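A.B. asks: Structure in structure tokens, see below.
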Amino acid sequence: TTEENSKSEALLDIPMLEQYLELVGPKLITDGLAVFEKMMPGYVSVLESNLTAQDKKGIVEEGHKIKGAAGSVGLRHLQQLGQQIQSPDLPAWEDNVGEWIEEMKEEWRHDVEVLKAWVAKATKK
Numbered sequence: 654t655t656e657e658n659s660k661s662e663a664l665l666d667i668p669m670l671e672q673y674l675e676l677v678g679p680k681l682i683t684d685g686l687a688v689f690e691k692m693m694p695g696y697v698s699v700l701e702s703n704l705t706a707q708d709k710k711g712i713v714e715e716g717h718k719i720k721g722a723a724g725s726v727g728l729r730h731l732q733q734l735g736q737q738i739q740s741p742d743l744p745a746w747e748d749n750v751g752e753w754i755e756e757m758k759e760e761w762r763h764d765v766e767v768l769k770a771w772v773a774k775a776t777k778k
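With positions in the sequence shown counted from 1, the corresponding number in PDB author numbering is that position plus 653.
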């Protein structure tokens, strides 16, 4: 709705991130995210690895499993990508998946660095 640029709202949760900071602060967001940014590149690596072996069921599980975890740190962009990867049955999904995994990799990081700056900025007002 009259958004034009949702770079800071459609990639991560603004309220969920604001609240999380009102509870544990940047400790939980920085800690949880930390472990994620560490196994983020290793995860996608296995994702494409199974893709060649046609490991659908396996990929789907690692889809809502990883994208879901990151979503907890405010990464809703990835939490959604997987939420859809759980339907490897659509006649257009088996043909859009290629674009799904590609975009996820070249886009998930951005969503993170964004929620991060927010915390270091929403601290005051």
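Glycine included, each C-beta is placed from N, C-alpha and C at the ideal position.
Put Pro694 into one of helix, strand or coil per three-state DSSP.
C.D. replies: Counting from one through the sequence shown, the residue named residue 694 turns up at place 41. Residue state, collapsed to three classes: helix.
A.B. asks: Which runs of the alpha helix (DSSP H), 4 residues or longer, sit entirely within the region 688-740?
C.D. replies: The region 688-740 contains these whole alpha helix (DSSP H) runs: 709-725 and 729-738.
A.B. asks: Determine the DSSP secondary structure at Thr654, reduced to helix, strand or coil.
C.D. replies: The sequence position of residue 654 within the sequence shown is 1, counting from 1. It is coil, neither helix nor strand.
A.B. asks: Under a Cβ-count criterion, where at least 16 other Cβ atoms within 10 Å of its own Cβ denotes burial, should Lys777 be classed as buried or exposed?
C.D. replies: Your numbering for residue 777 matches position 124 in the sequence shown. That one is exposed.
A.B. asks: What distance in whole Å lies between the Cβ atoms of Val765 and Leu670, which are believed to be in contact at a cut-off of 8 angstroms?
C.D. replies: Counting from 1 along the sequence shown, the entry for residue 670 is found at position 17. Counting from 1 along the sequence shown, the entry for residue 765 is found at position 112. About 11 angstroms separates the two Cβ atoms, so there is no contact after all.
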